[PDB]
Each structure stands twice: as structure tokens, then as C-alpha cells.
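Notes follow the structure.
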Amino acid sequence: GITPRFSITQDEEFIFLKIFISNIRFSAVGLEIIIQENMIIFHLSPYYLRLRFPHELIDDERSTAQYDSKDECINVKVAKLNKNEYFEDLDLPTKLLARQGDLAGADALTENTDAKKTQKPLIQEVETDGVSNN
């Protein structure tokens, strides 16, 4: 992850990620933030950032980011899969980067699983070869 400063906020409807940046070369052709199956990928700006939350988000039409000049900061919006839901990793920066470090130091992680689950199995079928003659 590359960036001077960035803070994430959680809401009872969606997630609000804020990024701090200077008034340096800010192109408008490379700007395009995309959200993965669950985690969020920050491609905007010349600096790439990777956010990994303990939950799963979704990228819909509502999802979008707006550039703030008054503060020279960037605002990223992303809808969640469950309303009234929060996070327990946004509090820590490393928890988002998910770095490895120097494999030296007492560190631990505790992520909770989701309650709402979906069960939609399926059994495929296809003919087969075989004769009856000797």
C-alpha cells in the first residue's frame, strides 16, 4: 500500500473511506477505484492501496468516489452486504494492509464469521458411454 495518510469509517448503511493527499499531480484518467468480492482495491491516484476488511462489500451503482479540493482529500463510498453492520479492523491500519513484516514480533489476528448464510446447492447430470453387447 502506498499513501501518506488514510482513515476508514463505518456506517449503518455503507462504508466511508477517506484518503488524505496533497495537491500534487492529480490526473483524472487513472482515477478508478474498484471493489473486490469482499475487499476494496484503491487504484485512484499514483499510489496503489489495498484494503482488506473482515467483512464482504459489494460494488453497485451507488458505489463511487468524490474528489475534495477544499481539503485536497479523496472520499470513497462503498455499499455493504448487510445493513446496520460495522467493522473491527478499520480501527487499525495494518489490519487493512495485511502485511507480513519481518516475520519477527508478537502479533495475532481474530476475525469473526458472518451469521447470515446462503445455501443454494445443485446436482449436475450428464449422459455416459456404455454398451450391452459382449
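Lettering and numbering for the C-alpha cells are positional, with chains as A, B, ... in the shown order, residues counted from 1 in each chain, and ligands counted from 1 in the shown order.
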
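Counting only C-alpha atoms, residue 10 (chain A) has the following residues at most 8 Å away, ignoring those fewer than 4 positions along the same chain: residues 14, 15, 16, 86, 87 and 90 of chain A.
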
Mind running region 8-39 of chain A against region 61-83 of chain A at 9 Å and telling me each contacting residue's nearest atom pair with the distance in Å (one decimal), counting only C-alpha atoms, chain and number ascending, as JSON lines?
{"residue": "A:11", "atom": "CA", "partner": "A:83", "partner_atom": "CA", "distance": 8.6}
{"residue": "A:12", "atom": "CA", "partner": "A:83", "partner_atom": "CA", "distance": 5.8}
{"residue": "A:13", "atom": "CA", "partner": "A:83", "partner_atom": "CA", "distance": 5.2}
{"residue": "A:14", "atom": "CA", "partner": "A:79", "partner_atom": "CA", "distance": 4.6}
{"residue": "A:15", "atom": "CA", "partner": "A:78", "partner_atom": "CA", "distance": 5.4}
{"residue": "A:16", "atom": "CA", "partner": "A:77", "partner_atom": "CA", "distance": 5.2}
{"residue": "A:17", "atom": "CA", "partner": "A:76", "partner_atom": "CA", "distance": 5.0}
{"residue": "A:18", "atom": "CA", "partner": "A:75", "partner_atom": "CA", "distance": 4.8}
{"residue": "A:19", "atom": "CA", "partner": "A:74", "partner_atom": "CA", "distance": 5.0}
{"residue": "A:20", "atom": "CA", "partner": "A:73", "partner_atom": "CA", "distance": 4.7}
{"residue": "A:21", "atom": "CA", "partner": "A:73", "partner_atom": "CA", "distance": 5.5}
{"residue": "A:22", "atom": "CA", "partner": "A:72", "partner_atom": "CA", "distance": 6.1}
{"residue": "A:23", "atom": "CA", "partner": "A:72", "partner_atom": "CA", "distance": 6.2}
{"residue": "A:32", "atom": "CA", "partner": "A:65", "partner_atom": "CA", "distance": 8.5}
{"residue": "A:33", "atom": "CA", "partner": "A:65", "partner_atom": "CA", "distance": 7.5}
{"residue": "A:35", "atom": "CA", "partner": "A:78", "partner_atom": "CA", "distance": 7.9}

Would you export the selected residues with N, CA, C and O atoms as a PDB file, in the first residue's frame, please?
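Once written, part-v7.pdb looks like this:
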ATOM      1  N   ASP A  11     -20.537   2.888   8.741  1.00  0.00           N
ATOM      2  CA  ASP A  11     -21.868   3.441   8.958  1.00  0.00           C
ATOM      3  C   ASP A  11     -22.909   2.330   9.059  1.00  0.00           C
ATOM      4  O   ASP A  11     -22.587   1.151   8.917  1.00  0.00           O
ATOM      5  N   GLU A  12     -24.157   2.716   9.306  1.00  0.00           N
ATOM      6  CA  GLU A  12     -25.244   1.751   9.429  1.00  0.00           C
ATOM      7  C   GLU A  12     -25.939   1.543   8.086  1.00  0.00           C
ATOM      8  O   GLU A  12     -27.060   1.039   8.029  1.00  0.00           O
ATOM      9  N   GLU A  13     -25.264   1.934   7.010  1.00  0.00           N
ATOM     10  CA  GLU A  13     -25.819   1.792   5.669  1.00  0.00           C
ATOM     11  C   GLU A  13     -24.731   1.405   4.669  1.00  0.00           C
ATOM     12  O   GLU A  13     -24.948   0.568   3.793  1.00  0.00           O
ATOM     13  N   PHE A  14     -23.563   2.022   4.808  1.00  0.00           N
ATOM     14  CA  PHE A  14     -22.441   1.744   3.918  1.00  0.00           C
ATOM     15  C   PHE A  14     -21.118   2.123   4.575  1.00  0.00           C
ATOM     16  O   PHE A  14     -21.084   2.536   5.735  1.00  0.00           O
ATOM     17  N   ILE A  15     -20.030   1.980   3.826  1.00  0.00           N
ATOM     18  CA  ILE A  15     -18.704   2.308   4.336  1.00  0.00           C
ATOM     19  C   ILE A  15     -18.189   3.609   3.730  1.00  0.00           C
ATOM     20  O   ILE A  15     -18.398   3.882   2.548  1.00  0.00           O
ATOM     21  N   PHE A  16     -17.513   4.409   4.549  1.00  0.00           N
ATOM     22  CA  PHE A  16     -16.967   5.682   4.094  1.00  0.00           C
ATOM     23  C   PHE A  16     -15.458   5.738   4.318  1.00  0.00           C
ATOM     24  O   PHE A  16     -14.993   5.964   5.436  1.00  0.00           O
ATOM     25  N   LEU A  17     -14.699   5.530   3.248  1.00  0.00           N
ATOM     26  CA  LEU A  17     -13.243   5.555   3.326  1.00  0.00           C
ATOM     27  C   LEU A  17     -12.696   6.900   2.858  1.00  0.00           C
ATOM     28  O   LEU A  17     -12.972   7.342   1.743  1.00  0.00           O
ATOM     29  N   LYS A  18     -11.916   7.547   3.718  1.00  0.00           N
ATOM     30  CA  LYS A  18     -11.326   8.841   3.393  1.00  0.00           C
ATOM     31  C   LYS A  18      -9.817   8.718   3.206  1.00  0.00           C
ATOM     32  O   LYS A  18      -9.141   8.030   3.971  1.00  0.00           O
ATOM     33  N   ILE A  19      -9.295   9.392   2.186  1.00  0.00           N
ATOM     34  CA  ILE A  19      -7.867   9.361   1.901  1.00  0.00           C
ATOM     35  C   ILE A  19      -7.286  10.770   1.840  1.00  0.00           C
ATOM     36  O   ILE A  19      -7.828  11.647   1.167  1.00  0.00           O
ATOM     37  N   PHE A  20      -6.181  10.981   2.548  1.00  0.00           N
ATOM     38  CA  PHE A  20      -5.527  12.283   2.573  1.00  0.00           C
ATOM     39  C   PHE A  20      -4.398  12.345   1.548  1.00  0.00           C
ATOM     40  O   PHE A  20      -3.560  11.446   1.477  1.00  0.00           O
ATOM     41  N   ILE A  21      -4.387  13.411   0.755  1.00  0.00           N
ATOM     42  CA  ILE A  21      -3.362  13.592  -0.266  1.00  0.00           C
ATOM     43  C   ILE A  21      -3.099  15.071  -0.525  1.00  0.00           C
ATOM     44  O   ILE A  21      -3.968  15.915  -0.308  1.00  0.00           O
ATOM     45  N   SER A  22      -1.893  15.378  -0.994  1.00  0.00           N
ATOM     46  CA  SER A  22      -1.514  16.757  -1.282  1.00  0.00           C
ATOM     47  C   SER A  22      -2.113  17.220  -2.606  1.00  0.00           C
ATOM     48  O   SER A  22      -2.872  16.492  -3.244  1.00  0.00           O
ATOM     49  N   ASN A  23      -1.765  18.436  -3.013  1.00  0.00           N
ATOM     50  CA  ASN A  23      -2.268  18.998  -4.261  1.00  0.00           C
ATOM     51  C   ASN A  23      -1.290  18.746  -5.404  1.00  0.00           C
ATOM     52  O   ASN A  23      -1.145  19.573  -6.304  1.00  0.00           O
ATOM     53  N   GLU A  32      -9.984   5.444 -10.751  1.00  0.00           N
ATOM     54  CA  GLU A  32     -10.984   4.397 -10.925  1.00  0.00           C
ATOM     55  C   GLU A  32     -10.846   3.327  -9.846  1.00  0.00           C
ATOM     56  O   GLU A  32     -10.128   2.342 -10.023  1.00  0.00           O
ATOM     57  N   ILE A  33     -11.537   3.527  -8.730  1.00  0.00           N
ATOM     58  CA  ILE A  33     -11.492   2.580  -7.623  1.00  0.00           C
ATOM     59  C   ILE A  33     -12.448   1.416  -7.856  1.00  0.00           C
ATOM     60  O   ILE A  33     -13.609   1.616  -8.219  1.00  0.00           O
ATOM     61  N   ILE A  35     -13.965  -2.379  -6.235  1.00  0.00           N
ATOM     62  CA  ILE A  35     -14.121  -3.214  -5.050  1.00  0.00           C
ATOM     63  C   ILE A  35     -14.170  -4.692  -5.421  1.00  0.00           C
ATOM     64  O   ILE A  35     -14.926  -5.095  -6.303  1.00  0.00           O
TER      65      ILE A  35
END

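Nearest residue to residue 4 (chain A), choosing from A:118, A:47, A:102, A:123 and counting only C-alpha atoms: A:47.
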
Among chain A, which residues carry a DSSP assignment of alpha helix (DSSP H), reported as a ChimeraX atom specification? /A:94-97

Pull C-alpha atoms from the residues just selected and write them as a PDB file, in the first residue's frame.
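Heads up, here's the output in part-v9.pdb:
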ATOM      1  CA  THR A  94      -2.130  -2.757   9.367  1.00  0.00           C
ATOM      2  CA  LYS A  95      -5.307  -4.816   9.738  1.00  0.00           C
ATOM      3  CA  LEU A  96      -6.220  -3.474   6.297  1.00  0.00           C
ATOM      4  CA  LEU A  97      -2.825  -3.766   4.609  1.00  0.00           C
TER       5      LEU A  97
END

Which value, in Å to one decimal, gives the distance between CA of residue 31 (chain A) and CA of residue 2 (chain A)?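 Between CA of residue 31 (chain A) and CA of residue 2 (chain A) the gap works out to 15.0 Å.
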